[PDB]
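Beneath this line is the structure, given in structure tokens, with notes to follow.
Virtual Cβ from ideal backbone geometry, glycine too; neighbours counted across all protein chains shown. Values in this text are rule-based calculations from the coordinates and carry no lab data.
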Amino acid sequence: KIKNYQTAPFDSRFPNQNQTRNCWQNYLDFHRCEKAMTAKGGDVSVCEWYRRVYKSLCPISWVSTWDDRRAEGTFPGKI
Amino acid sequence: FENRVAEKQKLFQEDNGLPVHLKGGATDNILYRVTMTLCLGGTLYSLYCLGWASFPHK
Amino acid sequence: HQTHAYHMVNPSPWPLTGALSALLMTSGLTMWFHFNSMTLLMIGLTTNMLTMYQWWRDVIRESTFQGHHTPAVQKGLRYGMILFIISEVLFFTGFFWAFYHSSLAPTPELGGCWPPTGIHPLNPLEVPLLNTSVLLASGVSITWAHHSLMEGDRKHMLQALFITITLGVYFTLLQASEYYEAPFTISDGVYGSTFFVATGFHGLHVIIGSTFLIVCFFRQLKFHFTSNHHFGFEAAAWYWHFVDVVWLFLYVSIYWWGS
Amino acid sequence: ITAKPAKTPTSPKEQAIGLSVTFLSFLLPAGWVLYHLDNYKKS
Amino acid sequence: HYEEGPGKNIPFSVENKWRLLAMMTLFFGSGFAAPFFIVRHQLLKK
Amino acid sequence: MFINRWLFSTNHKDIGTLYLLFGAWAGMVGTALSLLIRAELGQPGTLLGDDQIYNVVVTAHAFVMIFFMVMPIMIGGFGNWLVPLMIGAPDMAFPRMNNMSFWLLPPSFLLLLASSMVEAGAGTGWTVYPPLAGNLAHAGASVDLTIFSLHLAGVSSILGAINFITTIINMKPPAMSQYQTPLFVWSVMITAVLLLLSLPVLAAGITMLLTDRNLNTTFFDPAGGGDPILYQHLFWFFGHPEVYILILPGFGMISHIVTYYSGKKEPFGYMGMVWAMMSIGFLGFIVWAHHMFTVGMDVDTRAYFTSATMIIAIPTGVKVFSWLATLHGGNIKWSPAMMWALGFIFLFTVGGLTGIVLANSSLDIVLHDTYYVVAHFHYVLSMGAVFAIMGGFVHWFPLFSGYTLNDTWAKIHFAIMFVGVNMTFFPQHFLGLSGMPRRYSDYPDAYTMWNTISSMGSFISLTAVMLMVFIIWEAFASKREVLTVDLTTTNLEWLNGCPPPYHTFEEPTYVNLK
Amino acid sequence: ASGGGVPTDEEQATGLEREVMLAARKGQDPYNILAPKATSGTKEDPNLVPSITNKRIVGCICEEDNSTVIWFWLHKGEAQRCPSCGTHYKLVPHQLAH
Amino acid sequence: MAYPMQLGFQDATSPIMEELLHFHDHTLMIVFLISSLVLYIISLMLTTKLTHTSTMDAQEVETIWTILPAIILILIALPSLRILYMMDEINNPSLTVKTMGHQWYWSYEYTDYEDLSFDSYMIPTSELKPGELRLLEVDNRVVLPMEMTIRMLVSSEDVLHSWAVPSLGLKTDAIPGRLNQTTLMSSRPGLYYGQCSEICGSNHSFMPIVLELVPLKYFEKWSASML
Amino acid sequence: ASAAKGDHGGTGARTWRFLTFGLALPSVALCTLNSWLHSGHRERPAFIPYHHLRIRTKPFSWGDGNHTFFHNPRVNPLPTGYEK
Ligand SMILES: CCCCCCCCCCCCCCCCCC(=O)OCC(COC(=O)CCCCCCCCCCCCCCCCC)OC(=O)CCCCCCCCCCCCCCCCC
Ligand code: HEA
Ligand code: HEA
Ligand SMILES: CCCCC/C=C\C/C=C\C/C=C\C/C=C\CCCC(=O)O[C@H](COC(=O)CCCCCCCCCCCCCCCCC)COP(=O)(O)OCCN
Ligand SMILES: CCCCC/C=C\C/C=C\C/C=C\C/C=C\CCCC(=O)O[C@H](COC(=O)CCCCCCCCCCCCCCCCC)COP(=O)(O)OCCN
Ligand SMILES: CCCCC/C=C/C/C=C\CCCCCCCC(=O)O[C@H](COC(=O)CCCCCCCCCCCCCCC)COP(=O)(O)OCC[N+](C)(C)C
Ligand SMILES: CCCCCC/C=C\CCCCCCCCCC(=O)O[C@H](COC(=O)CCCCCCCCCCCCCCC)COP(=O)(O)OC[C@@H](O)CO
Ligand SMILES: CCCCCC/C=C\CCCCCCCCCC(=O)O[C@H](COC(=O)CCCCCCCCCCCCCCC)COP(=O)(O)OC[C@@H](O)CO
Ligand SMILES: CCCCCC/C=C\CCCCCCCCCC(=O)O[C@H](COC(=O)CCCCCCCCCCCCCCC)COP(=O)(O)OC[C@@H](O)CO
Ligand SMILES: CCCCCCCCCCOC1OC(CO)[C@@H](O[C@H]2OC(CO)[C@@H](O)[C@H](O)[C@@H]2O)[C@@H](O)[C@H]1O
Ligand SMILES: CCCCCCCCCCO[C@H]1O[C@H](CO)[C@@H](O[C@H]2O[C@@H](CO)[C@@H](O)[C@H](O)[C@@H]2O)[C@@H](O)[C@H]1O
Ligand SMILES: C[C@H](CCC(=O)O)[C@H]1CC[C@H]2[C@@H]3[C@H](O)C[C@@H]4C[C@H](O)CC[C@]4(C)[C@H]3C[C@H](O)[C@]12C
Ligand SMILES: C[C@H](CCC(=O)O)[C@H]1CC[C@H]2[C@@H]3[C@H](O)C[C@@H]4C[C@H](O)CC[C@]4(C)[C@H]3C[C@H](O)[C@]12C
Ligand code: CUA
Ligand SMILES: [Cu+2]
Ligand SMILES: [Mg+2]
Ligand code: NA
Ligand SMILES: [Zn+2]
Ligand SMILES: [Zn+2]
């Protein structure tokens, strides 16, 4: 639905060689959206786009480390 | 306190051929020997430590 | 006989003892950091102190007692001190560069923000402001001391210089207490890293500056300084102002803007 | 530049000696270590 | 005061050209050999 | 008397002599290290069978050549010997502190040798980049001893810079303005200013690496919010000025040698030469990021650094053409020193030009960390620095010692060296263009020919070094004492005889203001 | 508000510093701190070069703003001329310290 | 890859590398002209008995040898920056692949749709199959679709490394905690080699990169079977 | 700026002493008042084992290798939390 995604497109907010923040941003967004939807009684499928983008750009060890930290309660980012 | 610089000027200008670091007297000698002994001994000791650390103790 | 105004120094053992003490201190830090022992470090620190004491003692003998500091020699020492202070400024610059690099682009590990998540900065309006008023005040008292010396007033020079030193000691004690009270440590990421290394090196410079001022205080008590010739005091005061300015930048950057 | 005649002239024989000794002081120690390289690698 | 003039403003002696050759040989030779022996040292540790 | 004179010295000539001695010895160590590098690359496969050792050799080679050979010789040796003499000063401003700048070097060198002796050495590259240089990838004392070596070398140079700038500013005859001092004196002062400003930043950076390794700081550790790239900036901010520091005193000596053997009383366009060196020094502080074109920098930042870097070619060109204009119309004396100077002009230009190729970030993407960079700096720095040092050494040896060298032997030495360095480094351009990485102990088979030829050329240069030692021995062995020196009216350092007395200019020169 | 107790240079300067100070007071320059002013430099009006010995190195800046200084030993006796501009210099030997 | 006795750059595989070759030809001619001119002038200054040793005026010729070099540098900078910005243009890739450097091998991740990832080690010399390249072959190659714009993201999980493929004009440092981006686009099918380009320790010389460029269709099948 | 005072006819020892006792020291007294007022120990925050804090890549060359140089038991938790 409005998808049919190949890869994360060019994001004018992160136009340079260092894409660390682009990955980070999309990871945060997906989890913030997933929280809001799971909370207020809604569907996580709206958070799809962010999941796809961060999946595409973020190294598996980063996502894995961040996931472990959110579970442990030590994720430094605001979700 | 009183100004005794003139006395010190006389002592340090006395023509005895002594280099400034020893011109104060016997104490300069002692302090110098202490300093130089610690420096040289400490350096030997550092070489020994290098020798010790150069080889593995598995 | 020479017919130029420059100083031909007697052959001296201090450059060698100084160089060796540098070897003992660096060797010593390595021994301490890796082979758990402080023996070398202790000897190094001791010979270093002995070298500095004897070397500067000799400079006082050469000038106050022997009269080797003609206007030309003094002018040279002025350039030397200015250049030394410049190199110190550049040293701190590297630390300020590290601070701004870290704080202006907070990485995801910090929570992507500054201060990092989990970091509760000191209130810049409490002891850090007190520290600022203390150093600024010592900058005023040292200027009073300088003018008293030039005006030939021994009592007031000693009075003003004493106040300056007391203030430096006060800053040091306050900073020591702040270090102990701080909820963050040097191991608390890049925040603790930049904070302690920058203010730590600054604190070291305050201790050095205070020591330099104490040396001047005692040389003053001994009447070494004339109302017109007192380079040791001038260098100590320039160095003191340098210490004062670095603090202002640390205060504005790390304590205030970085909070 | 002008100079006086050598005070202690070094004859061609003397130069051959100096040159040979000089070359040998560089070549022998290094050559020895390089020669025994395999004896060091696995021992 | 110190000795001045050719061969006197140096920390080594040039009184005898053969003793000098031996000095120079040890001096420059020791410097040149050092890396080879350090490499040997490192290979012989493991 | 021996200890008082050589251990407790307060004399600029004696201290310069110690520096020359120290530098010569260091050069032997550095050469040996370079030979081990080329031996490992001499044929496909492994020689040492231990790549960490190879990395340690490459690292030590650089440190020794830069900090213990070039700087001590140019600044400590020629600087101490010539600067006071060229301005008619009785000695340096701080004759006692000067002795400490020298004595800090042996301990500094000992720490470097200690780092290679303990553990598995520091196989980090002379850039010492973390995390490779950190406490996990390089656990143990090695990297810490290397950092300490650099601190001591740093203090020695910073104090030396303070001494040179003060001496040059404060101790000229009352009538002599800064625009009446020789170009070598100008070259030393500018070099000293670069040292004074750059070394403290290096010190800050390596101290942060030290704390990251031992005090749990995280300046360069991402886990604590640090950044390895920060280290690179701090390193290279000192690093680029450093390469200009290595060549500036060389530019100064080349100006004197070219003027002298062209039979000229002065260099062409004196003020343009002063301007050129100051511009180079200035620009040398705003181009450092050209050593980081592949770290992932913004395109605008890369365009700026490409542009700022190329501008340096303008002042440098003024110097090259001025040296040629100094030769113009001269009664050329084909002495060994002149040969070294002419080789310098050519080789330096070649290296400088490849530096201009590298300045273009687009091309640097492909050339970075390849042998093209190694070829570039071995021409500008290696040959440039070494040729200027050899030229100055043969030109002033009679002044320092009072003895003459055998000119024919000296020309033979130059010939061998010229062949050796070009055979060693020219083929490395090919290796780089075709993609061979730097810091490699072995290489894909296609690179075999050029690596073989390069390593052979490295042996020719070894033959030249051994010959040089012999040539110095022969001079001291024969004892041909100097009588007359031409052009003393425009070369003040020769005016007090060879060698000049312990104390010179006890009665200063007389110079009218008019 | 005010008082004394600090020595002056006149009361406490010693050694070479004191000598330079006293000489400066008399308008003399025994330690060569000042750049001497040139005469017309003719055969009849030569630049007088003080010396404590029988020869002294002279540096001649032939024309104002010249970057090249011409150096040469000036010997006791008949006036010598700068090898470059020909201006005359004559050595006037010793004394300084009474 | 490089072949025996190669003097210049490996043949261009991408349009950008082709662009660099022409730019390098342009720059190199200037380098040859200037260095030979300097060598020539040295020989010209040294081959005459005629002399002129009196003071020579400089404020005239210095204009020439200041303006000329300035012009030459602008003549180099123009095409250099055109290429620089050209490389930077927004391309919008059809695929994103990540590579992580390690001591001492590279790992790859194609996580656009499936979670595909694998390690890529150098084939030891002792295990090379006949006709294979020493120090350059790897067990698992980086299969990629030819004639497509691909976004490569580079990072590392330990020390610094650098991902390079000379034939494509690529070299991007692999820095831990950072995600560097570069774009890859091969004009032809084939095998393209590169080597770790940032000193990373003992085995810096032994962690190559091998790209396998095939048509999209083959790329897809490969993806599937690599699950 | 020009401050809000005046003098300048001649800056001497008297003037600088006036500034020391009339402006500088009083400023220090005020800040000392303000500081030894706003002090009072602030309630230490809950411990969270954040990975970017309490860094330990190599043990400290003192004590048990796990305590910072100016460790305060009251406010500095170890990597495993506050002390007993
Ligand atoms: C030592 C090994 C040599 C191997 C030679 C080539 C074999 C070719 C086979 C077969 C040849 C034909 C088939 C292959 C063509 C490939 C074209 C290519 O892809 O093209 C690019 C290639 C090849 O470029 C060439 O087209 C080769 C150019 C070679 C120039 C050599 C000058 C040599 C002078 C003396 C000998 C060398 C040592 C001293 C060098 C001294 C410094 C130059 O790569 C380069 O860019 C290399 C150079 C890098 C930059 C150096 C800049 C300054 C150089 C010289 C100034 C001298 C001026 C005075 C004139 C010279 C005065 C001395
Ligand atoms: C003596 C030391 C020295 C000097 C003087 C220079 C001078 C220059 N260097 Fe070099 N350089 C090094 C030592 C030196 N370098 C070292 C050690 C490294 C590598 C360090 C490492 O990684 O370990 C390096 C690395 C290096 C890089 C990084 C490459 C990489 O890692 O990918 C770059 C980038 O631009 C560069 C550029 C230049 C330039 C443009 C000059 C210019 O200053 C040159 C200017 C001179 C000329 C151009 C020739 C004379 C001019 C004329 C005849 C006029 C007419 C010319 C034109 C119109 C072009 N250098
Ligand atoms: C001044 C600097 C200098 C000098 C002179 C040299 C000289 C030489 N270097 Fe270089 N080298 C470096 C600085 C220098 N180098 C640096 C900075 C690096 C990079 C390290 C890194 O990657 O981290 C390097 C790297 C390096 C490499 C690349 C290593 C790799 O990537 O794996 C190679 C390979 O061939 C090499 C070879 C040589 C050779 C064969 C010589 C010489 O043998 C050439 C001939 C020159 C001489 C033999 C000098 C003789 C001088 C004297 C003996 C003094 C005499 C004294 C008096 C007269 C007073 N060097
Ligand atoms: C009171 C204010 C004045 C500060 C200095 C006073 C005492 C400390 C001893 C030496 C300090 C001198 C310079 C600074 C060097 C490192 C930073 C130290 C600043 C400091 O003192 O930071 C402390 C860390 O101590 C630590 O690790 C310190 C560990 C002590 C060992 C010192 C490490 C030696 C390394 C020195 C490097 C030398 C290189 C200098 C080169 C100069 C140029 C060539 C902070 O304490 P904490 O418990 O983490 O947090 C507080 C929580 N309650
Ligand atoms: C735990 C904290 C630690 C404390 C801080 C640490 C260090 C500080 C150290 C030392 C300084 C303190 C006192 C100095 C002691 C004696 C000075 C003796 C000379 C003297 O008495 O000087 C007098 C003035 O001093 C005087 O009031 C002395 C002046 C004291 C000034 C400060 C008092 C403030 C009072 C309240 C006013 C605040 C209002 C603010 C107004 C706005 C400001 C613009 C002037 O006299 P005279 O007749 O012209 O001189 C003849 C020769 N002596
Ligand atoms: C990117 C590469 C850049 C390429 C560089 C291009 C190089 C420039 C080429 C030519 C420059 C032309 C300058 C013209 C000056 C005339 C030369 C002359 O002849 O020199 C003097 C002029 O003084 C003077 O300019 C002083 C003497 C001459 C001044 C200029 C000489 C130096 C020229 C450069 C030397 C070669 C190095 C070139 C660098 C590449 C002669 O003086 P007069 O005749 O008055 O007195 C003699 C007495 N009469 C009157 C009886 C004859
Ligand atoms: C000085 C007068 C000349 C003026 C010319 C200007 C040059 C320098 C001053 C400018 C400094 C402020 C600029 C900051 C603005 C950008 C903020 C920023 O964010 O820059 C940051 C670093 O700046 C930083 O530390 C910057 C740290 C400072 C680096 C400059 C080095 C010079 C210092 C030495 C000079 C000695 C002076 C003596 C002092 C009295 C990080 O880098 P980014 O690439 O963004 O990374 C973010 C990515 O995730 C996306 O790509
Ligand atoms: C716990 C404490 C230990 C910590 C370590 C450091 C400790 C103390 C350092 C303090 C420095 C004390 C310096 C005392 C110098 C006394 C000699 C002096 O002051 O000498 C004067 C000359 O100045 C001169 O050399 C001026 C000399 C300049 C010296 C200043 C250098 C500062 C040293 C900093 C070192 C560390 C660097 C930072 C580390 C990262 C003598 O000339 P006048 O005064 O005109 O006298 C002549 C008249 O009497 C004639 O009438
Ligand atoms: C990891 C640990 C690293 C440790 C490295 C430590 C290195 C050495 C340690 C021992 C050094 C201390 C010994 C005392 C040195 C005093 C030098 C001094 O005071 O030198 C003076 C000159 O510099 C002047 O003035 C102005 C300059 C004053 C310089 C003071 C020396 C401080 C040394 C530290 C430098 C750090 C560099 C800072 C930048 C990061 C005096 O010159 P002299 O030639 O003596 O005399 C001339 C006579 O006419 C005097 O009558
Ligand atoms: C990069 C710098 C290196 C340059 C290359 C060196 C040039 C040649 C140096 C010659 O030195 C040697 O030659 C040997 C062989 O010719 C050795 O002898 C050895 O080999 C023998 C005979 O084969 C034996 O007689 C002895 O046991 C022996 O150790 C050897 O020790 C070594 O001194
Ligand atoms: C450029 C200028 C900078 C030069 C370098 C600065 C030198 C700093 C020296 C620090 O040395 C120390 O080290 C110790 C570690 O050995 C201490 O003892 C301690 O450490 C212990 C030993 O493990 C315990 O027994 C104790 O509780 C105690 O805290 C300690 O007090 C302190 O003096
Ligand atoms: C490289 C350095 C950042 C160092 C760091 O990351 O710590 C930064 C800080 C400020 C930057 C400069 C300033 O942003 C101003 C200029 C901006 C232009 O877009 C590029 C060049 C330009 C001159 C910059 C070059 C470079 O990116 C600088 C010098
Ligand atoms: C004005 C100054 C000193 C002149 C003097 O007092 O003798 C001279 C010295 C070097 C000259 C510079 C150099 O010759 C290089 C440049 C040459 C161009 O012809 C003009 C600008 C140019 C940048 C010059 C400007 C100016 O004439 C300078 C800066
Ligand atoms: Cu990985 Cu080099
Ligand atoms: Cu550079
Ligand atoms: Mg690199
Ligand atoms: Na090999
Ligand atoms: Zn004063
Ligand atoms: Zn004249």
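Extending each Cα 7 Å along its Cβ direction at E:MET23 and A:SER61, get the distance between those two points in nm, one decimal.
Simple spin-label model gives 5.8 nm for this pair.
Pull up all non-local amide H partners of H:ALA174: gap of 5 or more, or a different chain, and H-to-H distance under 5 Å with H placed in the peptide plane.
Result for H:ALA174 returns H:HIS161, H:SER162, H:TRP163.
Looking at region F:404-449, which trypsin sites (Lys or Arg not before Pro) are DSSP coil and have at most 15 other C-beta atoms within 10 Å of their C-beta?
Here no loop site has a sparse enough neighbourhood.
Just how far, in whole angstrom, is region F:303-355 from region G:43-91 if you go by their alpha carbon centroids?
Computed from Cα coordinates, the inter-centre distance equals 36 Å.
Kindly express, to the nearest 10 degrees and within the range 0 to 90, the angle between helix F:336-359's C-alpha long axis and the longest C-alpha principal axis of chain F.
30
Which angle between 0 and 90 degrees, to the nearest 10, do you get for helix G:15-25 versus the longest principal axis of chain G when only C-alpha atoms count?
Tilt relative to chain G: about 70 degrees.
What nm value, rounded to one decimal, do you get for the distance between C:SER37 and B:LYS58 when each label is placed 7 Å out toward the C-beta?
Inter-label distance under the simple model: 2.2 nm.
Positive end of the charge dipole of chain C (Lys, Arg +1 and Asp, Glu -1 on Cβ, about the Cα centre): tell me which of C:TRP32, C:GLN74, C:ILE86 has its Cα farthest that way.
Projecting each Cα onto the dipole axis, the largest value belongs to C:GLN74.
How would you rank F:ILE206, C:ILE86, going from fewest to most other Cβ atoms within 10 Å of each one's own Cβ?
Ascending number of Cβ neighbours within 10 Å: C:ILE86, F:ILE206.
Tell me, what does the Kirkwood hydrodynamic radius of chain G come to in angstroms if you use every pair of distinct C-alpha atoms?
Radius from the Kirkwood sum: 16.1 Å.
What whole number of Å gives the distance from the Cα centroid of region F:457-503 to the Cα centroid of chain D?
Using only Cα atoms, the two centres lie 20 Å from each other.
With label points built 7 Å along Cα→Cβ from the Cα atoms of F:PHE459 and H:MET5, find their separation and express it in nm.
Between F:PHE459 and H:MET5, the simple spin-label model gives 2.2 nm.
Would you work out the relative contact order for chain F, in percent, from Cα pairs under 8 angstrom that are 6 or more residues apart?
16
Output the direction-averaged projected area (hull surface divided by four) of the convex hull of the alpha-carbon atoms of chain F, in nm².
Dividing the Cα hull surface by four gives the mean projection, 24.3 nm².
In debye to the nearest 20, how big a dipole does chain I give about its Cα centre with +1 on each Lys and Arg Cβ and -1 on each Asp and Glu Cβ?
80
With θ taken as phi - 60° and the coefficients 6.51, -1.76 and 1.60, list the Karplus ³J(HN,Hα) couplings across region B:22-31 in order, rounded to whole Hz; mark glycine and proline as x.
So the Karplus estimates, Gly and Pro as x, are 10, 5, x, x, 3, 4, 4, 4, 4, 4 Hz.
With +1 on the Cβ of every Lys and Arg and -1 on the Cβ of every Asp and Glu, and nothing else charged, how large is the dipole of the protein assembly as shown about its Cα centre, in debye rounded to the nearest 20?
Roughly 1920 debye for the protein assembly as shown.
Which residue, B:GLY17, B:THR37, B:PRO56, has the largest displacement toward the positive end of the dipole of chain B when charges sit on each Cβ (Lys, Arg +1; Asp, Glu -1)?
Farthest along the dipole direction, towards plus: B:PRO56.
Diagonalise the Cα gyration tensor of chain A and give the resulting equivalent ellipsoid semi-axes, square root of 5 times each eigenvalue, largest first, whole Å.
Over the Cα atoms of chain A, the ellipsoid semi-axes are 20, 18, 11 Å.
Which ³J(HN,Hα) values in Hz, rounded to whole numbers, follow from the phi angles of region F:10-17 under the Karplus curve 6.51 cos²θ - 1.76 cosθ + 1.60, where θ = phi - 60° and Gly and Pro get x?
For region F:10-17, the Karplus-derived couplings read 9, 10, 4, 6, 4, 5, x, 5 Hz, x marking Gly and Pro.
Output wanted: per-residue J couplings in Hz (rounded whole) for region I:71-84, from phi through Karplus 6.51 cos²θ - 1.76 cosθ + 1.60, θ = phi - 60°, x for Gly and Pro.
Values per residue, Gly and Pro as x: 4, 10, x, 5, 10, 9, x, 7, x, 9, x, 4, 7, 4 Hz.
Sort region F:32-118 into rounded, prolate or oblate with this rule: let a ≥ b ≥ c be the square roots of the eigenvalues of the Cα gyration tensor; rounded if a/c is under 1.5, and if a/c is not under 1.5, prolate when a/b is larger than b/c, oblate otherwise.
It comes out oblate by the Cα gyration axes.
Nearest-5 percent of antiparallel DSSP beta bridges in region H:92-227?
Around 70 percent antiparallel, to the nearest 5.
For H:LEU144, list long-range residues whose amide hydrogen, built 1.01 Å from N in the peptide plane, is under 5 Å from its own amide hydrogen.
Sorted by chain and number, the residues that satisfy this are H:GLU212, H:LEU213, H:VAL214.
Taking the Cα centre of chain H as the origin, how large is its charge dipole in debye, to the nearest 20, when only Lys and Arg (+1) and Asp and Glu (-1) carry charge on their Cβ atoms?
About 420 debye.
Please compute, for peptide F:137-144, the average count of beta-carbon atoms on other protein chains lying within 10 Å of each residue's beta-carbon.
Numbers: counts 6, 2, 3, 2, 6, 2, 0, 5.
Across the residues of F:137-144, the mean count of other-chain Cβ atoms within 10 Å is 3.
Can you give me the Cα centroid spacing of region A:1-66 and region F:108-164 in angstrom?
Region A:1-66 and region F:108-164 have Cα centres separated by 44 Å.
What is the angle, in °, between the Cα long axis of helix H:61-88 and the longest principal axis of the Cα atoms in chain H? Nearest 10 is fine, range 0 to 90.
10
Would you please classify the overall shape of the protein assembly as shown from the alpha carbon gyration tensor, given that a ≥ b ≥ c denote the square roots of the eigenvalues, rounded means a/c under 1.5, and beyond that prolate means a/b larger than b/c while oblate covers the rest?
Verdict is oblate for the protein assembly as shown.
Using just the helices of chain F, give the 222 nm mean residue ellipticity in deg cm²/dmol: DSSP H runs with n ≥ 4 each add -39,500 (n - 2.57), and the total is spread over all residues, rounded to 500.
-21500 deg cm²/dmol
No other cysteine beta carbon under 4.7 Å away is the test; run it over the protein assembly as shown and list who passes.
When partners are defined as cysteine Cβ atoms under 4.7 Å apart, the protein assembly as shown leaves B:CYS39, B:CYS49, C:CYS113, C:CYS216, F:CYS498, H:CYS196, H:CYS200, I:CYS31 without one.
Percent of Cα-Cα pairs more than 24 Å apart in chain C, please.
59
So which chymotrypsin sites (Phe, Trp or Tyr not before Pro) in region I:11-84 pass both tests, a DSSP loop state and at most 16 other Cβ atoms within 10 Å of the Cβ?
Answer in residue order: I:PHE47, I:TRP62, I:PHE69, I:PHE70, I:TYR82.
Find, among the GluC sites (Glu not before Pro) in region E:1-33, those assigned to loop by DSSP (not H, G, I, E, B) with at most 13 other beta-carbon atoms within 10 angstrom. Don't jump to the answer; show the numbers that get you there.
Details: sites: E:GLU3, E:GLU4, E:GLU15; in loops: E:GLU3, E:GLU4, E:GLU15.
For GluC sites (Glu not before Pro) across region E:1-33 that sit outside H, G, I, E and B with at most 13 neighbouring Cβ atoms in 10 Å, the list reads E:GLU3, E:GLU15.
Could you tell me which of F:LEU85, F:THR316, F:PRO131 has its Cα farthest along the dipole of the protein assembly as shown towards the positive end, charges placed at Cβ (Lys, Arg +1; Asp, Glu -1), taken about the Cα centre?
Going by the Cα projections, it comes out as F:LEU85.
Quick one: grab the alpha carbon gyration tensor of region H:132-192, order the square roots of its eigenvalues as a ≥ b ≥ c, and give me rounded if a/c is under 1.5, else prolate or oblate depending on whether a/b is larger than b/c.
Numbers: a/c = 2.17, a/b = 1.27, b/c = 1.71.
Judged from the Cα gyration tensor, region H:132-192 comes out oblate (a/c at least 1.5, b/c at or above a/b).
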